[PDB]
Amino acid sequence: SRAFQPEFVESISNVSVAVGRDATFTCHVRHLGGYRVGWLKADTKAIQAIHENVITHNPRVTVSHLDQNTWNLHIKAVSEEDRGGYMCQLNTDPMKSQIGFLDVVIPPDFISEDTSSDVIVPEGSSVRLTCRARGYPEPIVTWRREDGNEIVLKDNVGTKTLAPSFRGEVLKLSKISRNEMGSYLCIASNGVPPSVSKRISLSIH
């Protein structure tokens, strides 16, 4: 026990996890001695913990240390409101602190209110197939024929485009022929597993 104060060994890693998974922030120090690692949420200033005492009444927040150099903050089953910066703080004089950031992503999930059901329509008609999705980052919707055939996109002026996939929440089919009947798949994806897919049967009589 002599006078030289603790130091941070490395920065707090940014963390990015999906809703419901567990997040851990680690504060790497050296020569901590009798000083205490404090944790708080930077944006709300809410105190989380000091040393081994959890101060927040958030039951999902806990702490641990691997050794005297490695102090962890654990946020269990992360939620959207846990998004933000988490400050590691040492009670030295003057105080020293570091901030790491938590990003809360949400896997895609369909909105049942505006996703198309199976539909039977006369030949030559126009049909809107819709699959609205929610998630963070914002999901992109991709349409495919289940049998691998191409989707037929037409304009009003007499030209058709054959694509194996179409990107967009709304698939607009016009002047449809019997050849276009079949099973259409919309897939909502945003890099956050699992992806979600719905099967829509288009019947043309």
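So that there is no doubt, residue numbering starts at 1 and follows the sequence shown.
- Between 89-97 and 75-83, it is 75-83 that carries the larger average Cα temperature factor according to the deposited entry.
- For the pair 152-160 and 37-45, the mean B factor over Cα atoms is greater in 152-160.
- Looking only at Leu185, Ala188, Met181, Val15, the residue with the top Cα B factor in the deposited structure is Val15.
- Across the residues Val127, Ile120, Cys131, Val104, the deposited record lists the maximum Cα B factor for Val104.
- Looking at the C-alpha B-factors along this chain, the one for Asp147 belongs to the middle third.
- In the deposited entry, the Cα temperature factor of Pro137 sits in the top third of values across the chain's modelled residues.
- Per the deposited record, the Cα B-factor of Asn69 falls in the highest third when ranked against the other modelled residues of its chain.
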